[PDB]
Each structure stands twice: as structure tokens, then as C-alpha cells.
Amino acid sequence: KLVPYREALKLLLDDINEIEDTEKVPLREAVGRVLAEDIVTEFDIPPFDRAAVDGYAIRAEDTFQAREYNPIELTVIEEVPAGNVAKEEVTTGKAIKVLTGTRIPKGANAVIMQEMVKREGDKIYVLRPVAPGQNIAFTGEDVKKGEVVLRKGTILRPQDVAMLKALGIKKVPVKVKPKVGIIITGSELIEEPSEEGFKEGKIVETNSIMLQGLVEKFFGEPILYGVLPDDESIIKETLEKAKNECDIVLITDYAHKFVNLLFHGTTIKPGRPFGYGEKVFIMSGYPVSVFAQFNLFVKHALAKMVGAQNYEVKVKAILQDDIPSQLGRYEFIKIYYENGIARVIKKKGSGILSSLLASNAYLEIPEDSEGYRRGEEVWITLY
């Protein structure tokens, strides 16, 4: 009995734990890494209340009864030079000329733009009510002291790394990349395309390099154990992989002889013969089928191991073509998404890699669905 996808994904992921180990990596090599913990700032940015404009630091309260025909008069007791601090305080009926960046003087809770008042000698005139906090960049308006600026599980981008430099963090704590073993199997398989190779019925090996890239794309460090022949004794070095690594992936007698399996034979299509047990992922050998198995299983296991958040994008799209679907089978459907439209790539059928190249995304159709019509809106996952 093929086990449904959602049951298989739960059995698999419940077996997988978040790796504990962390390490400090420099800002220059931090992009794409997963934060091990919350990052809390020990600094206010900006560190003090600043004038957002060249103006006069006043009391907002003093101008509440200000109109065009009732000008409130204030007296300018000081003008703070560039990069200085006000020596005098602000009391009722007073004002202190400041520049942008200048610390708001004691007493003041607002700043009025220079041009919005009439400068007659040592007096200024305000014609409209000024709000409390007007033109003040308050302390910590960017980030406040003791505030979480980046959550655990965040996948760092350039703007995140810049915030880290703003907080004075030279080397940021991130999760250690899960080591993922890769064993290819098949006496059929060969490293290079050649004439004599084709005459002896050999096909070029492709899943190794594809899985290396896919593991590196999703938080892991791939470790190659190479292509092996169909030989029980030599495949028993899967034990070396389980010791050396957190999880291990192997490509296509029987597979229960090497692994104690939670499941084997699943509902997905392609990728039906997928199984898993003891950190070992049994994969299908044909590129299209390995890709679907990676996105539906491996991708989510790796994300759980580093606690990755927001590691995939779901997009709403109008479906271009009909997708008829088998009941009892969870369809992995390759999509090329452009201009809000999901165009279905249909192909085969011998691990024919070109459909992977022409696709942008995938759509998942549950077992209880007979398919979708063109015009129906669908949710897809970007590669």
C-alpha cells in the first residue's frame, strides 16, 4: 500500500531534529546562512532624539491656539552651531535654532521648519499648530535598545548583514550546515558520454551533480561518496555515510536489506518508489523523479535541521492548460510561471531532464483531486 504524501512527510520530518551546533561566520560570508538565534541590539539607532529638519526647537503646547490671524510669538535664545549641543533649555514662549542631526534641547518636544516661520529679528512667528514630536527622529525609531532586529531562522540577505554591522557584530552566529551524504548506485552508470560507452549500454551519471547544487541551495554541505556498482558488500559502506553525516541520500533487488525503513512506496508521482529510515533517503535514479523527491521531502528536512523560515515562495497564478490527475496519486507538476500565468510543461518518462530545464516552479495536486481546468487559480512554488 502506497502511503499518502502528507503521512509520509510527517513520519519523515518527525524523525528529523534541528541540529544544535552553531558557528560564528564573518559578515562577508554571511549571505544565505541561517541565524542560530534572535539578534538583539544593545544600541538605540539613532542613539538620541534628533531634529529631522533645520528649524527651531519649540514646545508643541505653545502653538495649539495658533492661526493665520493669531500668530504666537516665540523668542530665539540660542542658535546651536553645526555638530554642537544646546547650552540653554527651552521654556514657555521660547525657541532654539537647530540644524538637522542636532540633539533636541532639554525642554523642547518639537521642531518647526525654518521656512514655515517669519524671522523678524530675534522673534519667530508660528501661524499653525505644531504637533508634539513633529520633525523629531526619536531615539531608536530605526531599532530600539533591547529589541529583536532579526529573528531565529532568518536567511540572511545583504540588508540583514548591513543591520548586523549597524549593531557592531563582526561574526554572526549561524547554524552549521547539515552534512548530506550522496551515494549513487548502478553498474549502468558512467561519468562521461563516449561512443564505446553507448555501445555497452551505459548512461551518463547526472543526479550526483544535481543533488550537490540542490543541497547547497538549501542550507547543506554535500559530501560525495561516488558512483558504486550494484553489489551488496560495497553498498554496505552506507554505514560510513550515516556516521560521517547528519542525513544521507542514495540513488537507485531490495532496499530493506540496507535500511530499517519507516516507509517505502509512496503516493507521489513521479517519485513513487521513495522511502526513508534512519536518516537515509532512498531516491529514484531518474533526474525528473529525484527533483520531485528532493522538493517534496529533502528540501523540508534540510529546512527543519537549520530551522529555516521563509525558504520558499508561494504564488497565485491562472492555469493555462487542463491537468487531468489520477485519484490516489499526489501529482508533482512542473510549471513555467510568467505574467501571472502557470503554463504546464508535460513530458516523460525516462528521466528526461529537459522538462526540468524548461520549468520555473511546481504545482501540487492532492490525492482526492481529479485535476484542474484552465482558468482555475492555483498555488505554485517557485524553484
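Quick note: we count residues from 1 along the sequence shown, nothing fancier.
Counting the deposited residues that fall between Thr252 and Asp253 and carry no coordinates gives a value of 4 to 9. Across the two stretches, 82-90 and 298-306, the PDB entry reports the greater mean Cα temperature factor for 82-90. With 111-119 and 142-150 compared on mean CA B-factor from the PDB entry, the stretch scoring higher is 111-119. Across the options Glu312, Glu278, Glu188, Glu221, the residue with the most elevated CA B-factor in the record is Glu188. As recorded in the entry, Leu228 carries the highest CA temperature factor of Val174, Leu167, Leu228, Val290. Sorting the modelled residues of the chain by their CA temperature factor places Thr41 in the lowest third. Looking at the C-alpha B-factors along this chain, the one for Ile335 belongs to the lowest third. Sort the chain's modelled residues by C-alpha temperature factor and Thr206 lands in the middle third, per the entry. Annotation for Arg50: C-alpha temperature factor in the middle third relative to the rest of the modelled chain, per the entry.
Sorting the modelled residues of the chain by their CA temperature factor places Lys347 in the highest third.
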